[PDB]
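The block underneath contains the structure these notes are about, expressed in structure tokens.
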Amino acid sequence: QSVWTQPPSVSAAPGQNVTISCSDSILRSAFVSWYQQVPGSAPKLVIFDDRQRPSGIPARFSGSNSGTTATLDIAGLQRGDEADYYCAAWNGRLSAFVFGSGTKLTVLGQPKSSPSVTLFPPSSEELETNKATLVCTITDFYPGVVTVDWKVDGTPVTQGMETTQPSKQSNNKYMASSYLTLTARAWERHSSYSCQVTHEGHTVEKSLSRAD
Amino acid sequence: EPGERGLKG
Amino acid sequence: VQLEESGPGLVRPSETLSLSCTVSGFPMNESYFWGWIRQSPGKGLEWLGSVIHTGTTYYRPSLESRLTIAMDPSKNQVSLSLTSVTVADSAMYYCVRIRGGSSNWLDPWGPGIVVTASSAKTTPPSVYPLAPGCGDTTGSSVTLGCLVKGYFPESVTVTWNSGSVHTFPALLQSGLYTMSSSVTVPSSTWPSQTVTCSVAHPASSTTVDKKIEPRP
Ligand SMILES: *[C@@H]1O[C@H](CO)[C@@H](O[C@@H]2O[C@H](CO)[C@@H](O)[C@H](O)[C@H]2NC(C)=O)[C@H](O)[C@H]1NC(C)=O
């Protein structure tokens, strides 16, 4: 594949053990490496040649590479472990170096909190410019990972959508917004509009219908 | 390999 | 072993992105590949390519025809050239030292350099009110908003009622920044009282004050 598959979110209390997966058996064919990234610093190598730790990386970090799923394993989870983890490996099939999708590891400092979602219709000021932006605000989620999907008249949207990166609220939960940009005509020609937010495998769906 | 990139030998 | 990236922070679509990396405290003489990774804002890592001192060069296939990764050991430098840039090429660019063969590990990394790909000159934002639509007019709380669209460069400040605000971070939407802000107030105080978002953009010396009106 052009991007390896990793879960977007893994989370556990301080002291717990966690596993981060990286997904034919083309992984077993190459040495898997793992990189930790904290916001505003470069990725740091944390595991090389499937299993090995560079200098300064303690023993509670380990990796396996069996056929289908290469793992990053962290025992005795610490707050300082909280980061984005990316697996990486050669794809001789694509003959490129491929990274995984990345996993946010959250060390839980409060109860899991479901996102609060608000869907705004476009302003008539914007419509005067032949443009329509629907704004989906997403507040008070923890851990700070969401996937956003949109639907128009029951059909998934494939283009015209952008979603911000999460940012920390003063209560240490996370906030994000998603924008769906249509032509004014497209806005006037469809009936219902849906913003779908997935958090820890649960979905919160706010919708509106232009007509009532 | 010394100066090639690829899969495991 | 410190890698440092250098070059322009702003590049114009259709022109060439040229970045340089200086290597300190390690000879480039040795059995390592020198390379470039990029990362778009809250997207993943993307391998661009790498080079060894023998002149062998590997590239992302889909970018291979726009990509030139060269190294001069004598200058302790490694270059990146990316032609015909588009708004898609906005990224943090990182220089990496790579162990090759079957291994393919990256250590160390440079701090990185932010590259913005836009044609925009200084541009004030358009500010659009977010009032609730046809929906739930029986709630105790009501949430209003400002959509702050099409500005360059960063940043803007959003003040509500001249000081429950949520201030969402900016996105690069084809060459321009868009952000939003919301305020949650008690339902009984709107639309009865005025709610106004004030949007300052210092680069363009512009302030926009939008009253939020209800929808008919
Ligand atoms: C969390 O991981 C640790 C270490 O990877 C596990 O502890 C080891 O478990 C085996 C068998 O239980 C022992 O023989 C080792 O000596 C233990 N080592 C250490 C450092 O404690 C621990 O069991 C894991 N936690 C859970 C929930 O299974």
Side-chain angles (χ1 to χ4, degrees), chain A residues 1 3-39 41-90 97-115 141-147 166 168 172-174 198-203, chain B residues 7-8, chain C residues 44-45 98-99 101-109:
Chain A
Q1 299 53 41
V3 178
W4 307 125
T5 298
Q6 300 184 235
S9 188
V10 170
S11 91
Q16 282 184 336
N17 296 344
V18 307
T19 292
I20 310 196
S21 51
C22 180
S23 302
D24 299 53
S25 327
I26 176 64
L27 288 182
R28 206 175 52 242
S29 211
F31 284 120
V32 167
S33 58
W34 293 95
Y35 302 81
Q36 169 190 82
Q37 196 182 25
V38 192
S41 11
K44 178 151 81 99
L45 170 62
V46 143
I47 296 289
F48 71 93
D49 303 346
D50 287 343
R51 257 150 167 279
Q52 307 293 335
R53 290 134 42 222
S55 292
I57 304 282
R60 65 194 181 74
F61 281 81
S62 55
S64 60
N65 183 11
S66 66
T68 62
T69 316
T71 54
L72 177 60
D73 304 303
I74 305 172
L77 186 66
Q78 322 188 336
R79 181 153 72 198
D81 293 337
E82 176 156 320
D84 297 314
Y85 295 87
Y86 295 89
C87 66
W90 199 260
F97 193 64
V98 172
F99 285 99
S101 96
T103 303
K104 171 133 211 198
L105 174 56
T106 295
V107 188
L108 295 167
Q110 60 177 127
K112 283 187 180 166
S113 167
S114 301
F141 56 98
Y142 185 75
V145 187
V146 290
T147 71
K168 205 185 293 161
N172 285 336
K173 306 176 177 182
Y174 288 88
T198 308
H199 183 253
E200 308 294 290
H202 302 96
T203 294
Chain B
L7 262 20
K8 287 173 175 151
Chain C
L45 301 173
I98 303 163
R99 179 59 154 181
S102 51
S103 261
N104 300 314
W105 57 247
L106 281 56
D107 179 34
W109 299 58

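Every chain is numbered from 1 and lettered A, B, ... according to where its sequence line falls, protein lines coming before strand lines. Quick note: numbers below take in every heavy atom, side chains included, and nothing from hydrogens, waters or symmetry partners. Whatever order the structure lists them in is the order used to number ligands and atoms, beginning at 1.
Within the 4.0 Å cut-off (strictly below), a protein heavy atom is located near atom 2 (O) of ligand 1. For atom 17 (C) of ligand 1, no protein heavy-atom neighbour is found at a distance under 4.0 Å. Under the 4.0 Å distance rule, the nearest protein heavy atom to atom 22 (C) of ligand 1 falls inside the cut-off. Remark: atom 26 (C) of ligand 1 lies closer than 4.0 Å to at least one protein heavy atom.
Formation of a donor-acceptor pair under 3.5 Å by the A:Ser23 side chain with backbone atoms of A:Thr69 is not found in this model. Judged purely by atom type and a 3.5 angstrom limit, A:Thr106 has no side-chain atom pairing as donor or acceptor with the backbone of A:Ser11.
Residues A:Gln6 and A:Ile20 have side chains in contact (heavy-atom distance under 4.5 Å, counting atoms from C-beta outward). Counting only heavy atoms from C-beta outward, the side chains of A:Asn65 and A:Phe31 never approach each other to under 4.5 Å.
Checked against the 6.0 Å centroid criterion, the rings of A:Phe61 and A:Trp34 do not qualify as a close aromatic pair.
Protein heavy atom at the shortest distance from atom 4 (C) of ligand 1 is A:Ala75 CB, 4.0 Å. Protein heavy atom in closest approach to atom 28 (O) of ligand 1: A:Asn17 ND2, 4.3 Å.
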